file target.tsv (TSV, C-alpha atoms)
chain	number	residue	atom	x	y	z
D	3	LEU	CA	39.00	34.57	36.92
D	4	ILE	CA	42.72	35.41	36.53
D	5	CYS	CA	44.84	38.43	37.41
D	6	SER	CA	46.73	39.67	34.32
D	7	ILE	CA	49.82	40.88	36.23
D	8	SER	CA	50.59	37.79	38.35
D	9	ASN	CA	48.50	35.00	36.77
D	10	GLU	CA	46.89	33.89	40.05
D	11	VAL	CA	43.21	33.69	41.00
D	12	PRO	CA	42.68	37.16	42.51
D	13	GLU	CA	40.97	37.18	45.93
D	14	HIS	CA	40.03	40.88	45.65
D	15	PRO	CA	39.37	41.85	42.01
D	16	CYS	CA	39.31	45.55	41.08
D	17	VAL	CA	38.73	46.66	37.48
D	18	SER	CA	40.57	49.72	36.12
D	19	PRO	CA	38.91	52.50	34.11
D	20	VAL	CA	41.60	53.14	31.48
D	21	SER	CA	42.62	49.65	30.30
D	22	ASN	CA	39.61	47.43	30.98
D	23	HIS	CA	41.12	44.42	32.73
D	24	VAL	CA	40.51	42.65	36.07
D	25	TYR	CA	43.48	43.11	38.43
D	26	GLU	CA	44.01	41.89	42.00
D	27	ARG	CA	43.66	44.89	44.36
D	28	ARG	CA	46.78	44.13	46.41
D	29	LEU	CA	48.88	43.65	43.25
D	30	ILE	CA	47.57	46.65	41.27
D	31	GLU	CA	47.76	48.91	44.36
D	32	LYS	CA	51.53	48.31	44.54
D	33	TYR	CA	51.79	48.93	40.77
D	34	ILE	CA	50.09	52.33	41.27
D	35	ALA	CA	52.29	53.21	44.28
D	36	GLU	CA	55.35	52.42	42.14
D	37	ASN	CA	54.13	54.80	39.40
D	38	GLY	CA	50.63	56.16	38.74
D	39	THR	CA	49.95	54.04	35.64
D	40	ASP	CA	47.95	51.09	34.31
D	41	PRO	CA	50.31	48.10	33.80
D	42	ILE	CA	48.97	47.02	30.37
D	43	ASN	CA	48.44	50.22	28.33
D	44	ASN	CA	50.76	52.48	30.41
D	45	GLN	CA	48.00	55.11	30.65
D	46	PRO	CA	47.65	57.21	33.81
D	47	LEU	CA	45.63	55.63	36.62
D	48	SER	CA	45.20	56.40	40.33
D	49	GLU	CA	43.85	54.26	43.19
D	50	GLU	CA	40.50	56.14	43.22
D	51	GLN	CA	40.21	55.52	39.45
D	52	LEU	CA	40.27	51.77	40.18
D	53	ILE	CA	36.89	50.25	41.10
D	54	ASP	CA	36.03	47.00	42.94
D	55	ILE	CA	33.74	44.40	41.32
D	56	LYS	CA	30.15	44.72	42.57
D	57	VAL	CA	26.65	43.30	42.32
D	58	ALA	CA	24.94	45.49	39.66
D	59	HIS	CA	22.34	47.21	41.90
D	60	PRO	CA	18.75	45.97	42.37
D	61	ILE	CA	17.96	43.94	39.21
D	62	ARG	CA	18.65	40.26	39.99
D	63	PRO	CA	20.66	38.32	37.41
D	64	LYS	CA	21.01	34.63	36.55
D	65	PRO	CA	24.11	32.80	35.25
D	66	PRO	CA	24.94	32.67	31.49
D	67	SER	CA	23.01	29.68	30.10
D	68	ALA	CA	21.54	28.29	26.86
D	69	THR	CA	18.00	29.18	27.99
D	70	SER	CA	18.67	32.92	28.48
D	71	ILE	CA	17.04	34.86	25.61
D	72	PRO	CA	20.15	36.81	24.44
D	73	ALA	CA	22.38	33.70	24.53
D	74	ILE	CA	19.71	31.89	22.47
D	75	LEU	CA	19.63	34.70	19.86
D	76	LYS	CA	23.43	34.78	19.44
D	77	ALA	CA	23.17	30.99	19.01
D	78	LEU	CA	20.85	31.37	15.99
D	79	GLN	CA	23.43	33.69	14.38
D	80	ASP	CA	26.03	30.88	14.63
D	81	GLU	CA	23.49	28.53	13.01
D	82	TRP	CA	22.78	30.74	10.00
D	83	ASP	CA	26.32	32.16	9.58
D	84	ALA	CA	27.66	28.59	9.40
D	85	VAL	CA	24.88	27.43	7.02
D	86	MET	CA	25.68	30.44	4.78
D	87	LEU	CA	29.22	29.10	4.32
D	88	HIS	CA	27.72	25.64	3.62
D	89	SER	CA	26.01	27.24	0.61
D	90	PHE	CA	29.35	28.58	-0.74
D	91	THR	CA	30.84	25.06	-0.68
D	92	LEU	CA	28.02	24.02	-3.07
D	93	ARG	CA	27.91	27.26	-5.14
D	94	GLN	CA	31.68	27.18	-5.79
D	95	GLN	CA	31.75	23.42	-6.54
D	96	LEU	CA	28.75	23.86	-8.88
D	97	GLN	CA	30.69	26.47	-10.89
D	98	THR	CA	33.46	23.90	-11.49
D	99	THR	CA	31.13	21.00	-12.43
D	100	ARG	CA	29.01	23.07	-14.85
D	101	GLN	CA	32.21	24.55	-16.33
D	102	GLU	CA	33.61	21.03	-16.87
D	103	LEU	CA	30.21	19.87	-18.18
D	104	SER	CA	30.13	22.79	-20.66
D	105	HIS	CA	33.57	21.88	-22.06
D	106	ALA	CA	32.66	18.15	-21.93
D	107	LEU	CA	29.39	18.56	-23.87
D	108	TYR	CA	31.23	20.81	-26.37
D	109	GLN	CA	33.91	18.14	-26.92
D	110	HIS	CA	31.05	15.62	-27.26
D	111	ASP	CA	29.27	17.87	-29.80
D	112	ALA	CA	32.55	18.50	-31.69
D	113	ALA	CA	33.49	14.79	-31.73
D	114	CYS	CA	30.14	13.15	-32.65
D	115	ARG	CA	30.17	14.99	-36.02
D	116	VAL	CA	33.44	13.13	-36.74
D	117	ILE	CA	31.92	9.76	-35.70
D	118	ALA	CA	29.07	10.47	-38.15
D	119	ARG	CA	31.52	11.14	-41.02
D	120	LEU	CA	33.72	8.06	-40.37
D	121	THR	CA	30.61	5.84	-40.25
D	122	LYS	CA	29.83	7.42	-43.64
D	123	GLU	CA	33.38	7.13	-45.03
D	124	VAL	CA	34.17	3.56	-43.88
D	125	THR	CA	30.80	2.30	-45.19
D	126	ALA	CA	31.24	4.34	-48.41
D	127	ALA	CA	34.67	2.70	-48.87
D	128	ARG	CA	32.96	-0.70	-48.37
D	129	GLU	CA	30.15	0.34	-50.74
D	130	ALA	CA	32.72	1.52	-53.32
D	131	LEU	CA	35.22	-1.38	-53.07
D	132	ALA	CA	32.67	-4.24	-52.93
D	133	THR	CA	30.93	-3.03	-56.13
D	134	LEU	CA	34.21	-3.02	-58.12
Z	67	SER	CA	4.31	46.14	9.90
Z	68	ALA	CA	2.02	46.66	12.91
Z	69	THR	CA	1.78	42.83	12.58
Z	70	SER	CA	0.80	40.73	15.61
Z	71	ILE	CA	3.82	39.41	17.54
Z	72	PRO	CA	2.56	35.83	18.04
Z	73	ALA	CA	2.36	35.70	14.21
Z	74	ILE	CA	5.98	36.95	13.89
Z	75	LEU	CA	6.95	33.81	15.87
Z	76	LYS	CA	5.38	31.59	13.19
Z	77	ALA	CA	6.96	33.68	10.39
Z	78	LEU	CA	10.49	33.08	11.72
Z	79	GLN	CA	9.49	29.38	12.00
Z	80	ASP	CA	8.36	29.31	8.35
Z	81	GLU	CA	11.42	31.26	7.13
Z	82	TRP	CA	13.84	28.82	8.79
Z	83	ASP	CA	11.64	26.00	7.49
Z	84	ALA	CA	11.95	27.46	3.96
Z	85	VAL	CA	15.71	28.16	4.05
Z	86	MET	CA	16.32	24.56	5.23
Z	87	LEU	CA	14.63	23.27	2.04
Z	88	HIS	CA	16.18	25.99	-0.15
Z	89	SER	CA	19.58	24.75	1.08
Z	90	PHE	CA	18.59	21.07	0.59
Z	91	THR	CA	17.25	21.46	-2.97
Z	92	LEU	CA	20.46	23.26	-4.01
Z	93	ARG	CA	22.67	20.36	-2.81
Z	94	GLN	CA	20.91	17.36	-4.40
Z	95	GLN	CA	20.98	19.26	-7.71
Z	96	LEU	CA	24.77	19.67	-7.36
Z	97	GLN	CA	25.18	15.92	-6.76
Z	98	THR	CA	23.06	15.00	-9.82
Z	99	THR	CA	24.74	17.55	-12.15
Z	100	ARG	CA	28.09	15.99	-11.17
Z	101	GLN	CA	26.52	12.51	-11.57
Z	102	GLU	CA	25.16	13.27	-15.07
Z	103	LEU	CA	28.55	14.86	-15.89
Z	104	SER	CA	30.26	11.55	-15.01
Z	105	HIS	CA	27.93	9.69	-17.41
Z	106	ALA	CA	29.11	12.02	-20.22
Z	107	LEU	CA	32.81	11.32	-19.47
Z	108	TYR	CA	32.29	7.56	-19.92
Z	109	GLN	CA	30.57	8.15	-23.28
Z	110	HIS	CA	33.31	10.64	-24.28
Z	111	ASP	CA	36.11	8.11	-23.69
Z	112	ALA	CA	34.01	5.17	-24.98
Z	113	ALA	CA	33.37	7.03	-28.26
Z	114	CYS	CA	37.08	7.70	-28.93
Z	115	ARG	CA	37.69	3.94	-28.59
Z	116	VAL	CA	34.96	3.29	-31.18
Z	117	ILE	CA	36.65	5.76	-33.60
Z	118	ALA	CA	39.86	3.68	-33.50
Z	119	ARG	CA	38.05	0.60	-34.88
Z	120	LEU	CA	36.28	2.78	-37.49
Z	121	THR	CA	39.65	4.20	-38.61
Z	122	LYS	CA	40.92	0.62	-39.03
Z	123	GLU	CA	37.93	-0.24	-41.25
Z	124	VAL	CA	38.79	2.85	-43.33
Z	125	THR	CA	42.51	1.88	-43.39
Z	126	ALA	CA	41.59	-1.67	-44.49
Z	127	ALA	CA	39.41	-0.15	-47.24
Z	128	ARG	CA	42.15	2.16	-48.57
Z	129	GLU	CA	44.48	-0.85	-48.96
Z	130	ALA	CA	41.86	-2.85	-50.90
Z	131	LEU	CA	41.04	0.11	-53.19
Z	132	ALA	CA	44.73	0.41	-54.13
Z	133	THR	CA	44.95	-3.28	-55.13
V	63	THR	CA	9.38	53.96	25.66
V	64	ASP	CA	9.84	51.31	22.94
V	65	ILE	CA	8.56	50.68	19.39
V	66	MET	CA	6.08	48.00	18.17
V	67	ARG	CA	7.93	45.52	20.44
V	68	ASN	CA	6.17	46.89	23.55
V	69	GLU	CA	2.64	46.62	22.08
V	70	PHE	CA	2.77	42.88	21.29
V	71	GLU	CA	4.79	42.08	24.44
V	72	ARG	CA	2.28	43.79	26.77
V	73	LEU	CA	-0.59	42.15	24.84
V	74	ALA	CA	1.02	38.70	25.16
V	75	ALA	CA	1.47	39.14	28.93
V	76	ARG	CA	-2.01	40.63	29.50
V	77	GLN	CA	-3.81	37.93	27.47
V	78	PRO	CA	-1.60	35.20	29.01
V	79	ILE	CA	-0.89	33.54	25.64
V	80	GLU	CA	2.47	32.72	24.03
V	81	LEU	CA	2.74	32.95	20.22
V	82	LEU	CA	2.72	29.50	18.57
V	83	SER	CA	5.97	28.18	17.07
V	84	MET	CA	6.64	25.72	14.21
V	85	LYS	CA	4.99	22.47	15.33
V	86	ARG	CA	5.89	20.68	12.08
V	87	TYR	CA	9.42	19.21	12.05
V	88	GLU	CA	8.80	16.59	14.75
V	89	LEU	CA	5.73	14.76	13.40
V	90	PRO	CA	5.73	14.65	9.54
V	91	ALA	CA	4.55	11.59	7.55
V	92	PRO	CA	5.89	9.00	5.00
V	93	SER	CA	4.29	8.68	1.53
V	105	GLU	CA	6.03	18.69	-1.14
V	106	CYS	CA	7.62	15.88	0.92
V	107	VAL	CA	10.64	15.85	-1.45
V	108	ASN	CA	11.37	19.31	-0.04
V	109	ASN	CA	10.52	18.23	3.55
V	110	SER	CA	12.90	15.28	3.14
V	111	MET	CA	15.75	17.46	1.80
V	112	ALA	CA	15.19	19.80	4.78
V	113	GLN	CA	15.71	16.92	7.18
X	503	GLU	CA	80.72	-3.12	-7.23
X	504	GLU	CA	77.14	-1.99	-6.59
X	505	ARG	CA	75.72	-2.23	-3.06
X	506	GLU	CA	72.24	-0.99	-2.07
X	507	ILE	CA	72.12	0.50	-5.61
X	508	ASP	CA	70.28	-2.45	-7.20
X	509	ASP	CA	67.82	-2.27	-4.26
X	510	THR	CA	67.43	1.50	-4.84
X	511	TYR	CA	67.05	0.91	-8.60
X	512	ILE	CA	64.55	-1.93	-8.02
X	513	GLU	CA	62.54	0.40	-5.75
X	514	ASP	CA	62.83	3.13	-8.42
X	515	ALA	CA	61.70	0.68	-11.14
X	516	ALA	CA	58.85	-0.63	-8.95
X	517	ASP	CA	57.93	3.02	-8.28
X	518	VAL	CA	57.81	3.68	-12.05
X	519	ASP	CA	55.51	0.69	-12.72
X	520	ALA	CA	53.03	1.89	-10.06
X	521	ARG	CA	52.99	5.37	-11.67
X	522	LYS	CA	52.06	3.79	-15.04
X	523	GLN	CA	49.24	1.59	-13.66
X	524	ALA	CA	47.46	4.21	-11.51
X	525	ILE	CA	47.36	6.85	-14.27
X	526	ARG	CA	46.30	4.37	-16.99
X	527	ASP	CA	43.69	2.64	-14.76
X	528	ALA	CA	40.87	5.07	-15.57
X	529	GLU	CA	40.44	8.81	-16.24
X	530	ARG	CA	37.17	9.17	-14.29
X	531	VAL	CA	38.14	6.80	-11.44
X	532	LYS	CA	41.53	8.47	-10.86
X	533	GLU	CA	40.06	12.00	-10.96
X	534	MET	CA	36.94	11.88	-8.73
X	535	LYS	CA	33.45	10.41	-8.22
X	540	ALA	CA	26.29	3.01	-10.16
X	541	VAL	CA	24.35	-0.29	-10.09
X	542	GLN	CA	24.54	-2.96	-12.83
X	543	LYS	CA	21.65	-2.79	-15.30
X	544	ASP	CA	21.40	-5.03	-18.39
X	545	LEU	CA	17.65	-4.22	-18.48
X	546	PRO	CA	18.43	-0.47	-18.58
X	547	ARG	CA	20.81	-1.11	-21.50
X	548	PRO	CA	18.06	-3.24	-23.09
X	549	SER	CA	15.42	-0.54	-22.45
X	550	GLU	CA	17.62	2.33	-23.71
X	551	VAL	CA	18.29	0.59	-27.05
X	552	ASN	CA	14.57	-0.16	-27.53
X	556	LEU	CA	21.37	4.30	-30.94
X	557	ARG	CA	24.48	2.14	-31.50
X	558	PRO	CA	26.89	4.56	-29.77
X	559	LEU	CA	24.66	4.48	-26.66
X	560	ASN	CA	24.99	0.67	-26.52
X	561	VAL	CA	28.80	0.89	-26.86
X	562	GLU	CA	29.20	3.16	-23.80
X	563	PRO	CA	26.81	0.91	-21.82
X	564	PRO	CA	28.99	-2.19	-22.32
X	565	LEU	CA	32.05	-0.03	-21.55
X	566	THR	CA	30.53	0.93	-18.18
X	567	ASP	CA	29.65	-2.69	-17.29
X	568	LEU	CA	33.22	-3.84	-18.09
X	569	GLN	CA	35.03	-1.23	-15.97
X	570	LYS	CA	32.74	-1.79	-12.95
X	571	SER	CA	33.95	-5.41	-12.69
X	581	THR	CA	22.98	-9.62	-11.68
X	582	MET	CA	26.23	-8.48	-13.33
X	583	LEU	CA	28.49	-10.49	-15.68
X	584	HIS	CA	32.03	-9.47	-16.67
X	585	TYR	CA	33.82	-10.37	-19.92
X	586	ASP	CA	35.19	-7.41	-21.90
X	587	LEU	CA	38.90	-6.92	-21.11
X	588	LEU	CA	40.67	-6.49	-24.47
X	589	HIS	CA	40.24	-3.02	-25.99
X	593	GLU	CA	46.43	0.89	-26.66
X	594	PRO	CA	47.64	4.18	-25.14
X	595	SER	CA	49.23	5.35	-28.43
X	596	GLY	CA	46.02	4.77	-30.43
X	597	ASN	CA	44.06	6.88	-27.91
X	598	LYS	CA	46.54	9.79	-28.08
X	599	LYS	CA	46.29	9.99	-31.89
X	600	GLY	CA	42.49	9.70	-31.57
X	601	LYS	CA	42.47	12.60	-29.07
X	602	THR	CA	44.82	14.76	-31.19
X	603	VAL	CA	42.72	14.18	-34.34
X	604	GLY	CA	39.41	15.12	-32.66
X	605	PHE	CA	41.01	18.27	-31.17
X	606	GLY	CA	41.85	19.49	-34.69
X	607	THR	CA	38.24	19.02	-35.88
X	608	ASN	CA	36.82	21.03	-32.95
X	614	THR	CA	35.73	33.84	-28.91
X	615	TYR	CA	32.61	32.67	-30.77
X	616	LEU	CA	33.07	29.09	-29.53
X	617	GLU	CA	33.46	30.39	-25.95
X	618	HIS	CA	30.16	32.35	-26.03
X	619	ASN	CA	28.13	29.48	-27.57
X	620	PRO	CA	29.28	27.21	-24.71
X	621	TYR	CA	28.45	29.84	-22.05
X	622	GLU	CA	24.94	30.35	-23.52
X	623	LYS	CA	24.20	26.60	-23.70
X	624	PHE	CA	25.46	26.19	-20.10
X	625	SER	CA	22.97	28.86	-18.96
X	626	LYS	CA	20.16	27.06	-20.84
X	627	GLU	CA	20.92	23.72	-19.14
X	628	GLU	CA	21.19	25.59	-15.81
X	629	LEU	CA	17.66	26.96	-16.33
X	690	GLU	CA	10.54	11.03	-10.21
X	691	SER	CA	13.45	13.35	-9.30
X	692	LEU	CA	11.87	14.34	-5.95
X	693	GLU	CA	11.87	10.74	-4.63
X	694	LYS	CA	15.67	10.43	-5.02
X	695	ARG	CA	16.35	13.58	-2.99
X	696	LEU	CA	14.04	12.40	-0.17
X	697	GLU	CA	15.87	9.03	-0.06
X	698	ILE	CA	19.24	10.85	-0.13
X	699	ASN	CA	18.00	12.66	3.00
X	700	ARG	CA	16.81	9.38	4.59
X	701	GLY	CA	20.42	8.20	4.23
X	702	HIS	CA	21.60	11.49	5.75
call {"tool": "encode", "arguments": {"input": "target.tsv", "output": "C-alpha cells"}}
result
Amino acid sequence: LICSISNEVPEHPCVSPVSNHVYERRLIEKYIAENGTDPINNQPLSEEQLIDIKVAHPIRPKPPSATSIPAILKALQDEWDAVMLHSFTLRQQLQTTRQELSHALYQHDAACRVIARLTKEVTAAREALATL
Amino acid sequence: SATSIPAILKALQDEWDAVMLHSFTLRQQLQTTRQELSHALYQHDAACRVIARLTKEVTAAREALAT
Amino acid sequence: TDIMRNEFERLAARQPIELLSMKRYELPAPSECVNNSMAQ
Amino acid sequence: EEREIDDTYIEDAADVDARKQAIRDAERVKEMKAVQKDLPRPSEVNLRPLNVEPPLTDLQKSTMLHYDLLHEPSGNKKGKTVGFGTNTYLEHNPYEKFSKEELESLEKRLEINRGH
C-alpha cells in the first residue's frame, strides 16, 4: 500500500528480490541508476532483478476474510493461546491462596491448643480459688 | 488413525467442549478456596480477641489467689 | 499426493455430505449441567 | 511567625489520622476480598469458639441487626506475640497437609456462570 522510500501510495509497485519490500518502480529505478543496490539492506540489485506485482497465474483468489479456511484456523490459535494464559492467571493465584491458607491453618492449629489450655487454666484458677 | 474425517470434526467439537469446562471448573474452585480462606482469617482474628478476655480471667484469678 | 487428508476429503465430496459439528452449545436446558454452566 | 506552616502541619496531622484509621479498620477488608445469617449461626451451634467468630462477622458487616461495637491495638499485639512463641519439620508438615486439602457445590458454579 505504501512505498518505503518516499512514503506515497505507489502507482507502479515492483518488489525486489534481495530485500523483500514493495517499492514504486519510478522511485526504485532511479535508486538503481544512482548505484546498483537495494535501498534498505544495501545489497546488490539490478533493474532486471526487480519484478512487478502480478496476478498469480490461473488459480483465482478471493480477498482475505473471516470465512476463508486458513484465516479461520489461525483464528482458533488466537482463541486457545489466549485461553492458555487465562489458566496461568488462575494457576499462579491459586499457588498464593493455598500458600496463605497453609500458613493460616497452621497458625490456627498452633493457636487453638493455647485457647484450650487457657480455658483449662482460667477455669482451674476459678475451681482452685472458689474452693478455698 | 485411519479414522473417518466427519468424525474428526465432532472430536474437535468435543475437545473444545471439554477444555471449556476444564477451564471453568478450575476457576470456581479458585474462588471458593479463596472464599473459605477468608472465613479462616475472621476466625483467626476473632480467636485472638477471645484470648484477651481469657487472659484477664486468669489475671483476675492470680490476684485473688495471692490475697 | 497427500496423506489420510485426501481419503476423507474425496469421500466427503463424492458422498456429498459434510461432517457434523457440535450442535450442543446453542440449545441446552435448565434443571453434568454444573460443568455445562461453567463452560458457558 | 508561621505562615502556611500551620496549614501544612494540619494537612500532615489530618494525613496521619487517615493512615491510622484505614490500617486499623480491618485486616481482611484492607487486604483483599457474605449474606447475613442468624439461622446459619443458630444451625451451626446446634462449639463456643465457632459462635464467637459468627457474632464477630455480623458486627463488622454492619434480616440483620447490628450492636457489637466495643471490643485495643496494644492488647492484640501482645496476643499475637504470645501465640507466635507457642507455635524444617514444621515446613514439611504444612506442605503435606496442603497437598491433602488440594486432593450442592455444582449448583453454585452454574449460578456463578449465569451471572457471567
call {"tool": "closest_atom_pairs", "arguments": {"input": "target.tsv", "of": "chain Z", "to": "chain D", "cutoff": "10 Å", "atoms": "all atoms listed in the file", "output": "JSON lines"}}
result
{"residue": "Z:82", "atom": "CA", "partner": "D:82", "partner_atom": "CA", "distance": 9.2}
{"residue": "Z:85", "atom": "CA", "partner": "D:82", "partner_atom": "CA", "distance": 9.6}
{"residue": "Z:86", "atom": "CA", "partner": "D:85", "partner_atom": "CA", "distance": 9.2}
{"residue": "Z:88", "atom": "CA", "partner": "D:89", "partner_atom": "CA", "distance": 9.9}
{"residue": "Z:89", "atom": "CA", "partner": "D:89", "partner_atom": "CA", "distance": 6.9}
{"residue": "Z:90", "atom": "CA", "partner": "D:89", "partner_atom": "CA", "distance": 9.7}
{"residue": "Z:92", "atom": "CA", "partner": "D:92", "partner_atom": "CA", "distance": 7.7}
{"residue": "Z:93", "atom": "CA", "partner": "D:92", "partner_atom": "CA", "distance": 6.5}
{"residue": "Z:94", "atom": "CA", "partner": "D:92", "partner_atom": "CA", "distance": 9.8}
{"residue": "Z:95", "atom": "CA", "partner": "D:96", "partner_atom": "CA", "distance": 9.1}
{"residue": "Z:96", "atom": "CA", "partner": "D:96", "partner_atom": "CA", "distance": 6.0}
{"residue": "Z:97", "atom": "CA", "partner": "D:96", "partner_atom": "CA", "distance": 9.0}
{"residue": "Z:99", "atom": "CA", "partner": "D:99", "partner_atom": "CA", "distance": 7.3}
{"residue": "Z:100", "atom": "CA", "partner": "D:99", "partner_atom": "CA", "distance": 6.0}
{"residue": "Z:101", "atom": "CA", "partner": "D:99", "partner_atom": "CA", "distance": 9.7}
{"residue": "Z:102", "atom": "CA", "partner": "D:103", "partner_atom": "CA", "distance": 8.9}
{"residue": "Z:103", "atom": "CA", "partner": "D:103", "partner_atom": "CA", "distance": 5.8}
{"residue": "Z:104", "atom": "CA", "partner": "D:103", "partner_atom": "CA", "distance": 8.9}
{"residue": "Z:106", "atom": "CA", "partner": "D:106", "partner_atom": "CA", "distance": 7.3}
{"residue": "Z:107", "atom": "CA", "partner": "D:106", "partner_atom": "CA", "distance": 7.3}
{"residue": "Z:109", "atom": "CA", "partner": "D:110", "partner_atom": "CA", "distance": 8.5}
{"residue": "Z:110", "atom": "CA", "partner": "D:110", "partner_atom": "CA", "distance": 6.2}
{"residue": "Z:111", "atom": "CA", "partner": "D:110", "partner_atom": "CA", "distance": 9.7}
{"residue": "Z:113", "atom": "CA", "partner": "D:117", "partner_atom": "CA", "distance": 8.1}
{"residue": "Z:114", "atom": "CA", "partner": "D:113", "partner_atom": "CA", "distance": 8.4}
{"residue": "Z:116", "atom": "CA", "partner": "D:117", "partner_atom": "CA", "distance": 8.5}
{"residue": "Z:117", "atom": "CA", "partner": "D:117", "partner_atom": "CA", "distance": 6.5}
{"residue": "Z:120", "atom": "CA", "partner": "D:120", "partner_atom": "CA", "distance": 6.5}
{"residue": "Z:121", "atom": "CA", "partner": "D:120", "partner_atom": "CA", "distance": 7.3}
{"residue": "Z:122", "atom": "CA", "partner": "D:124", "partner_atom": "CA", "distance": 8.8}
{"residue": "Z:123", "atom": "CA", "partner": "D:124", "partner_atom": "CA", "distance": 6.0}
{"residue": "Z:124", "atom": "CA", "partner": "D:124", "partner_atom": "CA", "distance": 4.7}
{"residue": "Z:125", "atom": "CA", "partner": "D:124", "partner_atom": "CA", "distance": 8.5}
{"residue": "Z:126", "atom": "CA", "partner": "D:124", "partner_atom": "CA", "distance": 9.1}
{"residue": "Z:127", "atom": "CA", "partner": "D:127", "partner_atom": "CA", "distance": 5.8}
{"residue": "Z:128", "atom": "CA", "partner": "D:127", "partner_atom": "CA", "distance": 7.5}
{"residue": "Z:130", "atom": "CA", "partner": "D:131", "partner_atom": "CA", "distance": 7.1}
{"residue": "Z:131", "atom": "CA", "partner": "D:131", "partner_atom": "CA", "distance": 6.0}
{"residue": "Z:132", "atom": "CA", "partner": "D:131", "partner_atom": "CA", "distance": 9.7}
call {"tool": "atom_distance", "arguments": {"input": "target.tsv", "atom1": "atom CA of residue V:66", "atom2": "atom CA of residue Z:71"}}
result
8.9 Å
call {"tool": "interface_residues", "arguments": {"input": "target.tsv", "of": "chain V", "to": "chain X", "cutoff": "7 Å", "atoms": "all atoms listed in the file", "output": "list in words"}}
result
residues 107, 110, 111 and 113 of chain V
call {"tool": "atom_distance", "arguments": {"input": "target.tsv", "atom1": "atom CA of residue D:115", "atom2": "atom CA of residue X:601"}}
result
14.3 Å
call {"tool": "atom_distance", "arguments": {"input": "target.tsv", "atom1": "atom CA of residue D:39", "atom2": "atom CA of residue D:4"}}
result
20.0 Å
call {"tool": "interface_residues", "arguments": {"input": "target.tsv", "of": "chain Z", "to": "chain V", "cutoff": "7 Å", "atoms": "only C-alpha atoms", "output": "PyMOL selection string"}}
result
chain Z and resi 68+70-73+75-76+79+86-87+90-91
call {"tool": "closest_atom_pairs", "arguments": {"input": "target.tsv", "of": "chain X", "to": "chain D", "cutoff": "12 Å", "atoms": "all atoms listed in the file", "output": "CSV"}}
result
residue,atom,partner,partner_atom,distance
X:534,CA,D:99,CA,11.4
X:535,CA,D:99,CA,11.6
X:557,CA,D:121,CA,11.3
X:558,CA,D:117,CA,9.4
X:559,CA,D:114,CA,11.9
X:600,CA,D:113,CA,10.3
X:601,CA,D:113,CA,9.6
X:602,CA,D:113,CA,11.3
X:603,CA,D:113,CA,9.6
X:604,CA,D:113,CA,6.0
X:605,CA,D:109,CA,8.3
X:606,CA,D:112,CA,9.8
X:607,CA,D:112,CA,7.1
X:608,CA,D:112,CA,5.1
X:616,CA,D:108,CA,9.1
X:617,CA,D:105,CA,9.4
X:618,CA,D:104,CA,11.0
X:619,CA,D:108,CA,9.3
X:620,CA,D:104,CA,6.1
X:621,CA,D:104,CA,7.4
X:622,CA,D:104,CA,9.6
X:623,CA,D:104,CA,7.7
X:624,CA,D:104,CA,5.8
X:625,CA,D:100,CA,9.3
X:626,CA,D:104,CA,10.8
X:627,CA,D:100,CA,9.2
X:628,CA,D:100,CA,8.3
call {"tool": "residues_around", "arguments": {"input": "target.tsv", "residues": "residue Z:108", "least_positions_apart": "3", "cutoff": "8 Å", "atoms": "all atoms listed in the file", "output": "JSON, numbers by chain"}}
result
{"Z": [104, 105, 111, 112], "X": [530, 562, 565, 566]}
call {"tool": "write_last_selection", "arguments": {"input": "target.tsv", "atoms": "C-alpha atoms", "output": "tab-separated table (two decimals), in the coordinates of the input"}}
result
chain	number	residue	atom	x	y	z
Z	104	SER	CA	30.26	11.55	-15.01
Z	105	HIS	CA	27.93	9.69	-17.41
Z	111	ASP	CA	36.11	8.11	-23.69
Z	112	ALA	CA	34.01	5.17	-24.98
X	530	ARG	CA	37.17	9.17	-14.29
X	562	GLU	CA	29.20	3.16	-23.80
X	565	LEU	CA	32.05	-0.03	-21.55
X	566	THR	CA	30.53	0.93	-18.18
call {"tool": "closest_residue", "arguments": {"input": "target.tsv", "among": "Z:80, Z:115, Z:74, Z:69", "to": "chain X", "atoms": "only C-alpha atoms"}}
result
Z:115
call {"tool": "build_atoms", "arguments": {"input": "target.tsv", "residues": "stretch 93-99 of chain Z", "atoms": "N, CA, C and O atoms", "output": "PDB file, keeping the file's coordinate frame"}}
result
ATOM      1  N   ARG Z  93      21.580  21.328  -2.986  1.00  0.00           N
ATOM      2  CA  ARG Z  93      22.670  20.360  -2.810  1.00  0.00           C
ATOM      3  C   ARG Z  93      22.461  19.042  -3.555  1.00  0.00           C
ATOM      4  O   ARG Z  93      23.431  18.442  -4.024  1.00  0.00           O
ATOM      5  N   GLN Z  94      21.215  18.588  -3.659  1.00  0.00           N
ATOM      6  CA  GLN Z  94      20.910  17.360  -4.400  1.00  0.00           C
ATOM      7  C   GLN Z  94      21.013  17.602  -5.909  1.00  0.00           C
ATOM      8  O   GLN Z  94      21.285  16.675  -6.672  1.00  0.00           O
ATOM      9  N   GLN Z  95      20.798  18.852  -6.324  1.00  0.00           N
ATOM     10  CA  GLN Z  95      20.980  19.260  -7.710  1.00  0.00           C
ATOM     11  C   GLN Z  95      22.459  19.312  -8.104  1.00  0.00           C
ATOM     12  O   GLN Z  95      22.811  19.022  -9.249  1.00  0.00           O
ATOM     13  N   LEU Z  96      23.321  19.678  -7.155  1.00  0.00           N
ATOM     14  CA  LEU Z  96      24.770  19.670  -7.360  1.00  0.00           C
ATOM     15  C   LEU Z  96      25.322  18.252  -7.497  1.00  0.00           C
ATOM     16  O   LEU Z  96      26.229  18.004  -8.295  1.00  0.00           O
ATOM     17  N   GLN Z  97      24.770  17.320  -6.716  1.00  0.00           N
ATOM     18  CA  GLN Z  97      25.180  15.920  -6.760  1.00  0.00           C
ATOM     19  C   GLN Z  97      24.753  15.223  -8.058  1.00  0.00           C
ATOM     20  O   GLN Z  97      25.473  14.357  -8.567  1.00  0.00           O
ATOM     21  N   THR Z  98      23.585  15.597  -8.586  1.00  0.00           N
ATOM     22  CA  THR Z  98      23.060  15.000  -9.820  1.00  0.00           C
ATOM     23  C   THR Z  98      23.600  15.644 -11.105  1.00  0.00           C
ATOM     24  O   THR Z  98      23.596  15.007 -12.159  1.00  0.00           O
ATOM     25  N   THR Z  99      24.055  16.896 -11.026  1.00  0.00           N
ATOM     26  CA  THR Z  99      24.740  17.550 -12.150  1.00  0.00           C
ATOM     27  C   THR Z  99      26.172  17.007 -12.307  1.00  0.00           C
ATOM     28  O   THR Z  99      26.689  16.918 -13.422  1.00  0.00           O
TER      29      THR Z  99
END
